[PDB]
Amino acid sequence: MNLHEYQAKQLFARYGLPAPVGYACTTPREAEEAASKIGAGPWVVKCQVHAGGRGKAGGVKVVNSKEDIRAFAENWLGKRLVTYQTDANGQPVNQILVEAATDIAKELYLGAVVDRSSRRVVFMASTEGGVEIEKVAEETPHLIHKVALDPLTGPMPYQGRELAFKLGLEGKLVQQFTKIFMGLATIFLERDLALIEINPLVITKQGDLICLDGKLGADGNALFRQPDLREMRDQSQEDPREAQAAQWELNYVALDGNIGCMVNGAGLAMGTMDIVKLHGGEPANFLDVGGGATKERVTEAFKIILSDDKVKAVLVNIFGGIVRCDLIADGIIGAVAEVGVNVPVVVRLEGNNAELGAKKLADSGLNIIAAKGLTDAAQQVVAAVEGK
């Protein structure tokens, strides 16, 4: 799960890591009243949303009057900021972070993730701050530097210095940097983070390192032992459906398309979508039942897939599972009738008595086709939509 910028800076603070002085506000009054608590302007107002590119979108501004702060807060709180990292529908702004302006001398990049290839936590540092690192990697690689934490010894200082010297830092800035490396590396391990991204790590005109902007990504799987990160989850930041699909042990994700896919197994799901859009067709989504596919799960699954209206036909593909294909076919029927499914459904049962199951779907009456085989079920779902 992702944390808001302000939440990350809070953590950073907690670990003795420099961040601009500021406050997260939930109303224009709070926003403007924060200007004084901070000091003299100009001040920086930033919408708090999980996606990036907030700058380009005008979700970040530097002002010089309580009037502007007030105006800015007034304009965004409640609205939804849409950046190049948000879906075309953007994300709600429920807090405006108001902090002090920083005298930027140079912008650096510091970040960490779990390198799947080297199977270690890797910290990256670059002199290319304020830039898409993804890009820096592409164009100028030799400007990115890495180190891997040793699971046996923990983050060591010589590593922070190595990066500091690569960045050409010297004097106190080297020690300062080494501290931030040790600090971040510790948060990463102790808080079970999946990613850290200090972009930019600023060197001020005054000559000090400060984290002007930070993005933290936590490891969902570790949340049971991360009570604090657990409480910082901001539901309003991700697609709602995905959220309920979750408590309902489903796994939703939407796409454009017109054909709804309901498969059990993330692999088979992508494979199903792939095969559908191979026979023409257009995958309207990715829904991984979860296997424990019971009748309720199937009824909920149908609701979520059909909560969207671009869906013209639903393709069910259940291979294996904990329930016998006949009981699975019933859940498909009972759900189609209850949720009052109003679309042609093409099922593809597999496993125990998929025979009897396939039949239960033919005699049901409901516009529930019962394809024979993956390849087939494809063509038929593709067919049932052609024209609409």
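Here the rigid core means the biggest group of C-alpha atoms that line up within 1.5 Å when the two forms are laid on top of each other. A residue's number is simply how far along the shown sequence it sits, counting from 1.
When the other structures are laid on this one by the rigid core, do the CA atoms of 300-308 or of 286-294 sit farther away in 6 other deposited structures of this protein? Once the cores are fitted, 286-294 deviates more in 6 other deposited structures of this protein.
Overlaying the structures in 6 other deposited structures of this protein on the rigid core, point out which of 254-262 and 97-105 has the bigger RMS C-alpha shift. Comparing 97-105 with 254-262, the one that moves more in 6 other deposited structures of this protein is 254-262.
Averaged over C-alpha atoms, is the B-factor higher for 224-232 or for 81-89 in this PDB entry? Stretch with the greater average CA B-factor: 81-89.
May I ask you to compare 249-257 and 120-128 by their mean CA B factor in the entry and name the higher one? Comparing 249-257 with 120-128, the higher mean C-alpha B-factor belongs to 249-257.
Please pick out which of 73, 198, 149, 278 has the largest Cα B-factor as recorded in the entry. So the option with the highest C-alpha B-factor is 278.
Per the coordinate record, which of the options 51, 362, 47, 31 holds the highest CA temperature factor? In this record, 362 carries the highest C-alpha B-factor of the candidates.
Per the entry's values, where does residue 142 land by CA temperature factor relative to the rest of its chain, in the lowest, middle or highest third? Within its chain, residue 142 is a middle-third residue by C-alpha B-factor, going by the deposited values.
Ranking the modelled residues of this chain by C-alpha B-factor as given in the entry, is residue 96 in the lowest, middle or highest third? It belongs to the lowest third of the chain when residues are ordered by C-alpha B-factor.
Is residue 168 in the lowest, middle or highest third of its chain when residues are ranked by C-alpha B-factor? For residue 168, whose C-alpha B-factor we compare with every modelled residue in the chain, the answer is the lowest third.
Considering every modelled residue of the chain and its Cα B-factor in the PDB entry, is residue 153 in the lowest, middle or highest third? CA B-factor rank for residue 153: lowest third.
Where does the C-alpha B-factor of residue 111 rank in its chain, lowest, middle or highest third? According to the entry, residue 111 has a C-alpha B-factor in the chain's lowest third.
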